[PDB]
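Worksheet: the structure to be examined is printed underneath.
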Amino acid sequence: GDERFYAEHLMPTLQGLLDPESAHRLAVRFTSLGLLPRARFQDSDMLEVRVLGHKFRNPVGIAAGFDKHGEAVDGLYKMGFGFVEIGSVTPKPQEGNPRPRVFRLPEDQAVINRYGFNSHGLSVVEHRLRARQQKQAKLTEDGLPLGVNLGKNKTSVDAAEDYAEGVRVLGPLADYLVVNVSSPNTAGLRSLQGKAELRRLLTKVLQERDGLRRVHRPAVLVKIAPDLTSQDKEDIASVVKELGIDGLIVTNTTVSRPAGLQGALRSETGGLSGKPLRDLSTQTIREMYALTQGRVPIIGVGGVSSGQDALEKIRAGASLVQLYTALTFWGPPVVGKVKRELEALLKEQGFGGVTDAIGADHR
Ligand SMILES: CN(C)CCCCC(=O)Nc1ccc(NC(=S)NC(=O)c2ccc(C(C)(C)C)cc2)cc1
Ligand SMILES: Cc1cc2nc3c(=O)[nH]c(=O)nc-3n(C[C@H](O)[C@H](O)[C@H](O)COP(=O)(O)O)c2cc1C
Ligand SMILES: CCCCCCCCCC[N+](C)(C)[O-]
Ligand SMILES: O=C1C[C@@H](C(=O)O)NC(=O)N1
Ligand SMILES: [Cl-]
Numbered sequence: 033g034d035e036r037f038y039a040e041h042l043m044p045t046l047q048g049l050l051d052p053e054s055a056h057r058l059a060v061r062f063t064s065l066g067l068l069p070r071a072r073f074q075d076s077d078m079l080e081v082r083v084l085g086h087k088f089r090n091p092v093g094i095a096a097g098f099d100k101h102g103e104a105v106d107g108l109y110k111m112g113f114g115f116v117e118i119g120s121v122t123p124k125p126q127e128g129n130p131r132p133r134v135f136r137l138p139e140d141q142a143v144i145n146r147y148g149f150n151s152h153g154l155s156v157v158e159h160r161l162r163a164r165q166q167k168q169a170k171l172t173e174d175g176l177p178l179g180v181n182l183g184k185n186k187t188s189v190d191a192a193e194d195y196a197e198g199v200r201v202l203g204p205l206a207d208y209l210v211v212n213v214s215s216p217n218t219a220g221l222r223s224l225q226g227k228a229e230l231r232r233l234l235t236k237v238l239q240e241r242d243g244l245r246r247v248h249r250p251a252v253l254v255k256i257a258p259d260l261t262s263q264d265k266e267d268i269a270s271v272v273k274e275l276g277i278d279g280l281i282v283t284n285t286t287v288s289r290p291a292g293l294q295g296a297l298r299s300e301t302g303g304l305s306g307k308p309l310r311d312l313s314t315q316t317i318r319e320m321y322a323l324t325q326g327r328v329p330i331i332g333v334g335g336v337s338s339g340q341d342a343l344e345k346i347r348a349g350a351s352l353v354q355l356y357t358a359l360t361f362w363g364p365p366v367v368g369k370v371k372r373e374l375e376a377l378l379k380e381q382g383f384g385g386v387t388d389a390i391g392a393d394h395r
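Counting in PDB author numbering, the sequence shown runs from 33 upward without gaps.
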């Protein structure tokens, strides 16, 4: 009924009438004022997950990039997400790339973007989160945690120092931080996934995190690309275990263009998201789980539009999942749809809950 309206009428009219950047801004705005259904799906106990030092009422989060500046957090919980990740936030404000910088590939259920870390900056986000800090503390306690994704400024001379500043400023306000070393849209950034660079960077990040007062001390995750070599994945796994990194977000967008893309805009520069990324992301989860012996929580992201999509990532090793791109095509009903289908599939496959399914394919 209501998922059939947004998918076939509203989203085709929103997206047909406005350029994707405009549409996204309007969506942030609407979401932030809480103009959504109100959201009817009541989360089953089957969907609760305990990971990263927190309870998650359900395992479906909004991926980084939808709410870059932390403006819509409460509306995103109201949409039925189990957890919200904001960002990426850069130390200083910066504008990002010139427009157009986001492209829909409706025939692929995909998006390409080259935003380039358009960010209001740490200070503005810090103030926005402080204004609701206690409210968030109650949400977290009730099983609705908040992640903050950190990036780096385009002209920064010292990448590690940018991330460290991010830890110092937003770490105290976050349940988890993400060291986003996987945007395809900032020159040299993905180099920070290499072994020696990554170890030096994360050492410094963890030190900064460790220097925060205990109730303000977040988990630290690293978000990785789907385009890594085997060598690069081996090396990340090694560093993450050596340093005690709390988890991985797997994956960012791809700079690949899988054969079969039909959208006219398929050769635009940027990162590809949505359904052509799905199985590349799933396979990256699968390998990172195996290389970390199932001991390092993974948040699985890339092309999730359904309960099956979510369960494939969980079974491959994700403790939690996120989605973004599906919202472009299905709108807010997709969240309840993913949850309901995931619950039914867990029951069908004989799992007592999401926790029992995590990594099941490896057992
Ligand atoms: C007639 N109306 C519009 C009001 C009707 C009821 C409320 C409502 O529609 N709310 C609402 C809330 C959110 C949305 N859309 C969402 S959540 N997302 C997007 O439209 C969107 C997401 C991502 C992108 C890019 C940047 C990836 C392309 C673009 C749009 C649409 C409608
Ligand atoms: C328009 C857009 C902007 C994004 N911005 C960011 C960001 O700032 N930081 C980040 O770590 N990931 C960013 N992502 C990546 C998503 O968080 C996600 O990793 C990727 O889009 C795969 O999930 P999806 O297929 O469900 O969209 C962005 C994605 C899109 C589509
Ligand atoms: C709020 C003061 C800082 C503004 C700096 C410019 C950041 C551009 C972010 C882009 N946009 C507003 C479209 O999301
Ligand atoms: O991490 C990121 C950053 C983003 C951008 O261009 O800002 N685009 C992405 O696809 N991933
Ligand atoms: Cl082409």
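We put the CB at the ideal spot given by N, CA and C, even for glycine.
Alpha-carbon to alpha-carbon, residue j and residue i
i, j, result
"residue 156", "residue 101", "8 Å"
"residue 63", "residue 168", "17 Å"
"residue 395", "residue 321", "12 Å"
"residue 390", "residue 55", "35 Å"
"residue 222", "residue 341", "26 Å"
"residue 270", "residue 349", "17 Å"
"residue 211", "residue 253", "6 Å"
"residue 200", "residue 240", "7 Å"
"residue 275", "residue 283", "20 Å"
"residue 83", "residue 359", "25 Å"
"residue 206", "residue 178", "6 Å"
"residue 365", "residue 170", "25 Å"
"residue 237", "residue 36", "45 Å"
"residue 145", "residue 173", "35 Å"
"residue 373", "residue 303", "28 Å"
"residue 182", "residue 128", "15 Å"
"residue 285", "residue 132", "18 Å"
Residue span of the alpha helix (DSSP H) that contains residue i, given as start and end
i, result
"residue 124", "Note, residue 124: premise wrong, no alpha helix (DSSP H); not H, not E."
"residue 361", "358-362"
"residue 86", "That residue, residue 86, is in no alpha helix (DSSP H); its beta strand (DSSP E) goes 86-88."
"residue 70", "No alpha helix (DSSP H) contains residue 70, which DSSP labels as neither H nor E."
"residue 386", "386-389"
"residue 241", "227-242"
"residue 36", "34-37"
"residue 286", "Premise fails: residue 286 is in no alpha helix (DSSP H) and is neither H nor E."
Continuous beta strand (DSSP E) stretch holding residue i: start and end
i, result
"residue 369", "No beta strand (DSSP E) contains residue 369, which is instead part of the alpha helix (DSSP H) from 365-380."
"residue 355", "352-355"
"residue 251", "251-256"
"residue 268", "Note, residue 268: premise wrong, no beta strand (DSSP E); alpha helix (DSSP H) at 262-275."
"residue 60", "Careful: residue 60 lies outside any beta strand (DSSP E), inside the alpha helix (DSSP H) at 52-64."
"residue 279", "279-282"
"residue 93", "92-94"
"residue 298", "Segment: none, residue 298 is in no beta strand (DSSP E) and carries neither H nor E."
"residue 82", "81-83"
Counted within 10 angstroms of its Cβ, other Cβ atoms place residue i as buried (16 or more) or exposed
i, result
"residue 119", "buried"
"residue 187", "exposed"
"residue 65", "exposed"
"residue 95", "buried"
"residue 136", "buried"
"residue 189", "exposed"
"residue 98", "buried"
"residue 309", "buried"
"residue 247", "exposed"
"residue 184", "buried"
"residue 379", "exposed"
"residue 382", "exposed"
"residue 49", "exposed"
"residue 113", "buried"
"residue 294", "exposed"
"residue 258", "buried"
"residue 74", "exposed"
* Asked: Taking only runs of the alpha helix (DSSP H) that begin and end inside the region 303-349, which ones reach a length of at least 4 residues, in chain order?
  -> 310-323 and 339-348
* **Neighbouring residues (CB closer than 7 Å to any heavy atom of ligand 5)** => 298 and 299
* Check your reading: residues with Cβ closer than 7 Å to ligand 3 heavy atoms -> 57, 100, 101, 125, 126, 127, 128, 150, 151, 152, 153 and 156
* To do: Please list the segments of the beta strand (DSSP E) lying wholly inside the region 177-210, counting only runs of 3 or more residues, in order along the chain.
  => 178-182
* Length at least 4, wholly inside the region 97-156: the alpha helix (DSSP H) runs in chain order -> 105-110
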